[PDB]
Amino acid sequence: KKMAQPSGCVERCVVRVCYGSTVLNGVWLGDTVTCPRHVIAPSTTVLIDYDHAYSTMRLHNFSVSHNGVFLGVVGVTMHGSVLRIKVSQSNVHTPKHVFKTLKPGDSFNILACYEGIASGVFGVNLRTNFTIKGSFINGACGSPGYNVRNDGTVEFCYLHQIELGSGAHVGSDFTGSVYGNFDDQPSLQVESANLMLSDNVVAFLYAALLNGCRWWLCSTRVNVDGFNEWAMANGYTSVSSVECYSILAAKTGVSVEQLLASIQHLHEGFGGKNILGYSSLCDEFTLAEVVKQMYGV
């Protein structure tokens, strides 16, 4: 089961940012509100010149609010695709936090927001083309993505920015870099084709083994350099490392190399059969996710 980590710590950090007639979400940490620079753009169909929109900017055009309650804007700086809006009071519900840049294969959580209010929470994976499969409509921009580490530290890593012509979603980190360097402009960009995250598929077959599902298991083995060479030719990523699968291979007796071979055979399809109710290989769950949901670690 795909899960999101709980969002209360992040809910208190989501504000409403208004510039003229355009509204989106921002993230209030200390006395800074970070939001997509789309909010200062003019209503036009052309490509936006953001340097010019920044220069002709009026601080009194801003309206930043938390649950119907208005914060005073002190200043605004521009960093890549985001704005840093300094305000006259710090957020007293600021959680202990860091900023981290996601890597393809990472999982995290979206808190989907509209006019500064959370409406929904779900776990996503950052894909190898640096997009996610989320759900957003108009207004969602600035919805944050986060992870909660074991110590309680929240990692802020995503601010929603665009939905591509394909439907895949794209945002930036809090430095202002867009993931995959997509343009926060109204132009059709076509993302490159998604690879299966071989690490997640391996986690899922181990999950299959712990659930007593073994009809698919190959007796034979293929090693890492062999698998990765085959991966580059078949819409799959390289496998990370065998040692980091230790806790799942200990509990199962089945080495990673055995599942790599099983991925080559089952690549051709199942033949009407299931594997945990799925009819194709599952890209969806990482190893950490598999491990926390069967063992609580």
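What we label the rigid core is the largest C-alpha set whose atoms superpose within 1.5 Å from one form to the other. In this text, residue numbers run from 1 along the sequence as written.
Here 8-16 and 272-280 are scored by the root mean square distance of their C-alpha atoms in 5 other deposited structures of this protein, with each structure fitted by the rigid core; the higher score goes to 272-280. For the pair 100-108 and 214-222, greater average C-alpha departure from the shown form in 5 other deposited structures of this protein after core alignment is found in 214-222.
Of the two segments, 88-96 and 138-146, the one listed with the higher mean B-factor is 88-96 (C-alpha atoms only). Taking the PDB entry as given, 273-281 carries the higher mean Cα B factor of the two stretches 273-281 and 20-28. Per the deposited record, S219 carries the highest C-alpha B-factor of all listed residues (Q189, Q161, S219, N181). Of the candidates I40, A250, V64, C35, the deposited coordinates give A250 the top C-alpha B factor. In the deposited entry, the Cα temperature factor of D173 places it in the lowest third of its chain's modelled residues.
When all modelled residues of the chain are sorted by CA temperature factor, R214 is found within the highest third. Per-chain ranking of the deposited C-alpha B factor places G123 in the lowest third. Ranked against the other modelled residues of its chain, the C-alpha B-factor of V290 as given in the entry falls in the lowest third. For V76, the recorded CA temperature factor ranks within the middle third of the chain's modelled residues.
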